[PDB]
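Some notes on the structure that comes next.
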Amino acid sequence: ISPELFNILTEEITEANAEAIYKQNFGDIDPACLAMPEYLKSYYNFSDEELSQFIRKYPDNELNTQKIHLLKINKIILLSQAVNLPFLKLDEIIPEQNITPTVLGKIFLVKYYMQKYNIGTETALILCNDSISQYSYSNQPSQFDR
Amino acid sequence: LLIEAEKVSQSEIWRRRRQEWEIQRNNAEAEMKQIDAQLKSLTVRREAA
Amino acid sequence: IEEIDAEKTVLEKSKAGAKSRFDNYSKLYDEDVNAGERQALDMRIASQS
Amino acid sequence: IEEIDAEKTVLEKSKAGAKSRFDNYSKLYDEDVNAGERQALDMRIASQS
Amino acid sequence: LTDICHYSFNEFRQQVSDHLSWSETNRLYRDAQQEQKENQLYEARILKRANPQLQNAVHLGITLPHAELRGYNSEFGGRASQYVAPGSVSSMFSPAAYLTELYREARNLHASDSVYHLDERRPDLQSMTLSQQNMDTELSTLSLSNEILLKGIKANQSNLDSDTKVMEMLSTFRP
Amino acid sequence: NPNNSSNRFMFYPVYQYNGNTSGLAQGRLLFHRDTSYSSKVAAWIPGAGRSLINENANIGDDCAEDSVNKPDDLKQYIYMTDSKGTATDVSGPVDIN
Amino acid sequence: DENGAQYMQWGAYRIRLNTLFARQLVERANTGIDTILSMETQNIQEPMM
Amino acid sequence: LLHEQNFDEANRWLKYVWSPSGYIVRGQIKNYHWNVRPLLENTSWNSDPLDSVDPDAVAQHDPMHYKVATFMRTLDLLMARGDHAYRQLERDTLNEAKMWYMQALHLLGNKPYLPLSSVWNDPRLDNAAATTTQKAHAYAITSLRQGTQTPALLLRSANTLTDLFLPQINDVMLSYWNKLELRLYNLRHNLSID
Amino acid sequence: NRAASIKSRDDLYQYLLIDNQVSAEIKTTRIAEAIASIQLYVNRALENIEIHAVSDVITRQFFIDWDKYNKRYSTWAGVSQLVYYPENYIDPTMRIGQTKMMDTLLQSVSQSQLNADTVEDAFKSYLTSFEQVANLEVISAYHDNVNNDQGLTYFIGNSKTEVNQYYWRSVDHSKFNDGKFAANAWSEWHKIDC
Amino acid sequence: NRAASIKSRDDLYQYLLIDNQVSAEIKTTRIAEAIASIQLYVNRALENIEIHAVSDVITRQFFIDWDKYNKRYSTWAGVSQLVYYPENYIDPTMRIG
């Protein structure tokens, strides 16, 4: 966790600072080609199985039609690339798409319990006093069904 | 045609001979690595003594 | 205990050598005849014809 | 301890023997065909011509 | 038009009174040639696209947009998405052989037969979907064999509710 | 354009004048594309500020009509796009006869 | 034909049966294999039917 | 010549057909890029390849398969030169191996991308196995071949033509990207071929 | 049903196309099991062991090619790939329809130690053998059928040598279309020995 | 530069003729690395894959002898020694002519 990444994840974004911090975080990328997930696969460098999970899946039809939330997805993508975790979790952790550093305390707790007791990723999420997820993904049964 | 048949048969038995040479070479190299690792075992026994 | 680890290494070496022999003989077995050997059988039957 | 040194000597002897086999088969492998063998292939193809 | 899956005996039963036999077998051979002409035109169209080719232009293996223009209006993108090393979608994997073996299979016996294919055990096949999960996962064969038997017994013979009803009446059944 | 193009595919535009041999009505902007799916192609000129778009973009080559017949505006930098993962930088004009 | 061609008049059709390729191949084949397999060798023309 | 491990003579024999670097005849670089003339101009010299099952017949009906075959021969030559370099473990020959595999990869380009998001719904078996789909399919292909109807866009016959299967790309050709990528991955770290 | 004669469990296996006596250790997929069911049904239908096979569908093209091509998955995949991708099966060593010219060339290069000049001399010998049949002259011919549009035609070849090695070839008139014989309508020259 | 189309790191490798993804375990000299850079450039120039190859220099005698003699170090050293020291390669067993 570099300090610059901590400034990216720390800051709060209204509609006022929106295009300013957009141009700060993207330069001159237009929101239209940023909206389509193929340039997301090209830029953010993911698998398309991984790209099933970001906004949603996407055929050439319009699906999970956003207006704009490009900064909120940027924080969670960069965080997941840092801490190496799937996206049911970072949906599940603070579903209000916001970051306060006690969320970073939580994620240090779960990463430390994983290393300490050598358990699964759902299992230390139980230890963060969070409920059992029933949502299924990755063509696999959920925490509940397993 | 019989002359050409004898020529190609002689070339083929040369190739099979060369393949047997290569199998013998690989067995020799494997035994050599085996004996080096057994030397490491023996010097460990020497330290124990 | 260090000695017994060195013995595991010498069995790794012998295992690798036997594995190389097995794969090489399996290759020369399943590739049963060459191209030129079948050409020799072709030249003989051409002479018969 | 004197015994264990004599055992290091017997592994030196086996190592030298396997090394000689390895070098000799590698030599006869890389020198794949002789001059006279290629002369035999030359005489056959001269007869074909 | 459809005269190759509908053979000259198929056409002969429809064509006892229609026309003369030497004209019929000429129609048979002409549409049998027409089927191969379909395969030639459609294939020599579609394999020009195949994406390991068109990234390297040093081949100069070139497409023509002219006849390419039409089938996307006709077949609606049947050339558009070519597919990866095989899965449940491909034209060369297991469900393709499976489908082209079904529609040759389902007319071997007449539908009034007890030995007829959809009648003899299998209304379940025409209900079955073709997903990637049906391709991939491995269940026990004996589990599916118990399942298809429960289906057939629960279906008509006793008109039961669930499997526990079946187990009750199997606890009943002596003889 | 590294910004708005995910693919490695380009448009190849050649602008046709009106007049001389093929007596046309207005100018038209030809282009070639290799993305085979039909779309619209917005040839937007930053300098003049007007765009030339052709709905139902044909496969490969296509005929796209320029509305205003003024070819000096087509001399500067041209931004063609798909709005579907393809954009192409167009510059360096050459007039030929 | 006078110039060296032969053809079968199949009604209104003329279809060529032989060629003078081996005649005019000799000049190209003088200097080596590279000249034989050129595009220039492939464009040798044949007279009118 | 390739099977007898004699490499540069095999390369100069492949250059009589398909030179990627272009041909030079008496000082002048020529325009053309293939050396066989009916490869430049596709000429089907066998009308009925589907008389029987023959790769030669289908190759004769369309010479672009001969182009692809020659291309795979060239790639086999380059990978063989790289592999025979790579087993002799001195350093400059490892650099030689790196430039041969890179020479192959810039012939190929990228690994090709396919959108995994597809049109394929998962249909019923009986719906997808409809003979109406087949009859409309055959009639549509003949209709495109004859040149008679107006193209239209309506999902009525496309209800039949949706459940057609999609074609897949060449698996044997797909093997080369993985194979060269893995060889070159072992080059980029300090591993062996094994 | 009482119409279906079923005594034992194996009779039930034959009637339901799926096995009940397999121990539950065996794992399979769904689609492969349905394939096995359908293949077992088709095998029982072709033998006329299950009674009253309808002869109308048995005569179709698919079931003539059942026993060789359509019975397994692998042969069906082989035929389907050999249509769209022949270059996986194009092998320049063995070509169907090969003259003896290429045969004696291949025999000339069929050894281990290959030098370039040996290849050159073999190529010159092949070139002479090509020269011999490129100069062929037609003495006379004979048409098969009563009228010129159908049937075959046999030619008789002359060389430009002394005591002659007369050659003959055949050509069909049925494969004629559009002002030109397609190249498969011709045949190879054959040698006459008497 | 935006003129040089560079998407990924391999594109950067092709543009700079030197590798960034090699792990630091590998040891080489300086001159051999510059040789590898120049050879990779010449290979990309002969294929006409990098655009606008000037045909004036390609027709020179050196690049006609590129593919056989000049592409590696070893064949170049063989030709250069076979000029000045033929007696290393004179063998009375096999004589041409």
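Chain identifiers are assigned as A, B, and so on, following the order in which chains appear in the structure tokens; residues are numbered from 1 within each chain, and ligands are numbered from 1 in order of appearance.
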Can you list every residue in chain F that DSSP puts in helix (DSSP H, G or I), as a compact mmCIF listing (two decimals) with N, CA and C atoms, in the first residue's frame?
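Below is the file states-v3.txt, written as the result:
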```
# COMPACT_ATOMS: atom_id res chain seq x y z
N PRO F 71 -14.03 20.99 -49.03
CA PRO F 71 -12.94 20.03 -48.80
C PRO F 71 -11.77 20.58 -48.01
N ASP F 72 -11.70 21.90 -47.79
CA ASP F 72 -10.61 22.47 -47.00
C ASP F 72 -10.72 22.04 -45.54
N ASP F 73 -11.94 21.81 -45.06
CA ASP F 73 -12.16 21.34 -43.71
C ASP F 73 -11.72 19.89 -43.51
N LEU F 74 -11.53 19.14 -44.59
CA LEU F 74 -11.06 17.77 -44.49
C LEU F 74 -9.55 17.66 -44.55
```
| task | For residue 32 in chain G, work out the shell of residues within 12 Å, counting only C-alpha atoms and skipping chain neighbours fewer than 6 positions away, then give it as a PyMOL selection string. | result | (chain G and resi 25-26+38) or (chain I and resi 117+120-121+123-124+127)
For the selection you just gave me, I'd like the residues written to a file as a CSV table (one decimal), in the first residue's frame, keeping N, CA and C atoms.
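Contents of selection.csv, freshly written:
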```csv
chain,number,residue,atom,x,y,z
G,25,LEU,N,11.5,-24.3,-72.0
G,25,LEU,CA,12.1,-24.5,-70.6
G,25,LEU,C,13.6,-24.6,-70.7
G,26,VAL,N,14.1,-25.0,-71.8
G,26,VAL,CA,15.6,-25.4,-71.9
G,26,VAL,C,16.5,-24.2,-71.7
G,38,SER,N,11.4,-19.7,-60.8
G,38,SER,CA,11.0,-18.3,-60.7
G,38,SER,C,9.5,-18.0,-61.1
I,117,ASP,N,23.9,-31.0,-52.9
I,117,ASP,CA,24.1,-31.3,-54.2
I,117,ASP,C,23.5,-32.7,-54.6
I,120,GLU,N,20.2,-31.7,-55.5
I,120,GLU,CA,20.3,-31.1,-56.8
I,120,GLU,C,20.3,-32.1,-57.9
I,121,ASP,N,21.1,-33.2,-57.8
I,121,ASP,CA,21.1,-34.2,-58.8
I,121,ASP,C,19.8,-35.0,-58.9
I,123,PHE,N,17.0,-33.7,-58.2
I,123,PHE,CA,16.1,-32.7,-58.9
I,123,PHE,C,16.3,-32.7,-60.4
I,124,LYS,N,17.6,-32.9,-60.9
I,124,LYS,CA,17.9,-32.9,-62.3
I,124,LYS,C,17.3,-34.2,-62.9
I,127,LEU,N,13.7,-33.7,-63.3
I,127,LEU,CA,13.5,-32.7,-64.4
I,127,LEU,C,13.5,-33.4,-65.7
```
Select all residues from chain E having any atom no more than 10 Å from an atom of chain J (counting only C-alpha atoms, ignoring ligands), output as a tab-separated table (two decimals) with C-alpha atoms, in the first residue's frame.
```tsv
chain	number	residue	atom	x	y	z
E	56	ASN	CA	-1.12	-11.61	-40.20
E	57	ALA	CA	-1.48	-9.79	-43.53
E	58	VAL	CA	1.87	-11.14	-44.79
```
| What's the 8 Å shell around residue 59 in chain A, counting only C-alpha atoms, without same-chain residues fewer than 3 positions away, as a PyMOL selection string? | (chain A and resi 62-63) or (chain H and resi 117-118)
Emit the selected residues as a PDB file, in the first residue's frame, including N, CA, C and O atoms.
```
ATOM      1  N   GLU A  62     -27.121  -3.626 -24.109  1.00  0.00           N
ATOM      2  CA  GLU A  62     -26.871  -2.838 -22.910  1.00  0.00           C
ATOM      3  C   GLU A  62     -27.272  -3.642 -21.680  1.00  0.00           C
ATOM      4  O   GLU A  62     -28.385  -4.170 -21.607  1.00  0.00           O
ATOM      5  N   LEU A  63     -26.361  -3.734 -20.714  1.00  0.00           N
ATOM      6  CA  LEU A  63     -26.613  -4.544 -19.528  1.00  0.00           C
ATOM      7  C   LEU A  63     -25.927  -3.888 -18.342  1.00  0.00           C
ATOM      8  O   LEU A  63     -24.758  -3.492 -18.423  1.00  0.00           O
TER       9      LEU A  63
ATOM     10  N   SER H 117     -18.524 -13.328 -24.592  1.00  0.00           N
ATOM     11  CA  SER H 117     -19.933 -12.979 -24.603  1.00  0.00           C
ATOM     12  C   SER H 117     -20.502 -13.255 -25.986  1.00  0.00           C
ATOM     13  O   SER H 117     -20.091 -12.641 -26.974  1.00  0.00           O
ATOM     14  N   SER H 118     -21.441 -14.192 -26.058  1.00  0.00           N
ATOM     15  CA  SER H 118     -21.853 -14.735 -27.339  1.00  0.00           C
ATOM     16  C   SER H 118     -23.362 -14.658 -27.482  1.00  0.00           C
ATOM     17  O   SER H 118     -24.087 -14.307 -26.549  1.00  0.00           O
TER      18      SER H 118
END
```
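For range 10-14 of chain C, the non-local neighbours within 8 Å, defined as residues at least 4 positions apart in the same chain or in other chains and counting only C-alpha atoms, are residues 30, 31, 33, 34, 37 and 38 of chain B; 6 and 18 of chain C.
Going from CA of residue 35 in chain C over to CA of residue 56 in chain H, you cover 19.5 Å.
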